[PDB]
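What follows is one chain in structure tokens, specifically the form deposited in one PDB entry.
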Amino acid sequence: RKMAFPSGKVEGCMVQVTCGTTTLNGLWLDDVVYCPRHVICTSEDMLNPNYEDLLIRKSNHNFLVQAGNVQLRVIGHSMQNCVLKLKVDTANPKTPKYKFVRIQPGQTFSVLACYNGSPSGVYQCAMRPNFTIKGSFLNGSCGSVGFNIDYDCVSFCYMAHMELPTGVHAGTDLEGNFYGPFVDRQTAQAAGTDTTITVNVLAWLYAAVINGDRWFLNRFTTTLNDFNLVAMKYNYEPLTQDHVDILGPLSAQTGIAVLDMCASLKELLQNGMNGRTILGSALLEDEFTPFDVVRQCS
């Protein structure tokens, strides 16, 4: 059971942004509303949008921002990469302590999903190696904002811009930089073949050991290079020395060296589960980071 962060601090920041007939979700922090810049495009604009030119043709009156039933008056607009910044005449009184951060594939965060024009659900996820996010099967989302919470500080890391044909979404950080080889233009785009986040699977095996689920431990230890040869065969991400270092705390806590756990994982890949489960699951979980496990399993 993966948990998301409590979403209340972000809920107070979700607003609806309308340009023409397009309405989508924006993030209201102090006196700025952040949203995908493609809100300014028409159907025909998307085929080859000149966003800088389209934006200068736009005026403050072209934007309608609503926080609940209160309209926010737009008093200026600028673009930062693929994110539109709408200066509004009112600072959000619910603005939490926050910062904008960029995460790496394999790292986890919570998504507050908007449906029918307001925040509707929250889930925990990992950014896939192919930079997409496995969201809800429900289509027609008005957008999504991804975040982590550390103490009282919300670290915003993701904003959804598009749905991909496979049921996943793709997006930017809050400075408008895309994650992955995607563009906010109407053009043929597909997620690349995805792979399993190996360092997270190892983190989760450590969680299993901490919770007393040990049947999969074996006496063997492999090498980083021998393991990666097997990992590649099974569409697992290569393990790096950095990953090994990251797992260090869990190795010290459990007494299972990383390359020792890698040999357990190699065997699980090559031979299967043999009718057993781990932490009650018949499948290996790759949406817990090492930091998630350390934090939740002491």
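Basically, rigid core = biggest C-alpha set you can superpose within 1.5 Å across the two forms. Position 1 is the first residue in the sequence shown; the rest follow in order.
The same protein also exists as the form deposited in another entry; that form is not shown, yet it is the one meant from here on.
Asks: Picking from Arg185, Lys85, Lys94, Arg73, which residue has its CA shift by 2 Å or more between this form and the one not shown, once the rigid core of the two forms is superposed?
Replies: The listed residue whose C-alpha shifts by at least 2 Å is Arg185.
Asks: Superposing on the rigid core, do we see a C-alpha displacement of 2 Å or more at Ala207 between this form and the one not shown?
Replies: No, the C-alpha moves less than 2 Å.
Asks: Hey, does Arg57 budge by 2 Å or more at the Cα between this form and the one not shown once the core is superposed?
Replies: It does shift by 2 Å or more.
Asks: Aligned on the rigid core, do the two forms place the Cα of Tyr115 2 Å or more apart, comparing between this form and the one not shown?
Replies: Yes; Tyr115 is a residue whose C-alpha shifts (by 2 Å or more) between this form and the one not shown when the cores are overlaid.
Asks: Using the form shown as baseline, tell whether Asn139 and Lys134 are closer or farther in Cα-Cα distance in that other deposited form, where the change reaches 3 Å or more.
Replies: Farther apart, which means the C-alphas of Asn139 and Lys134 are at least 3 Å more distant in that other deposited form.
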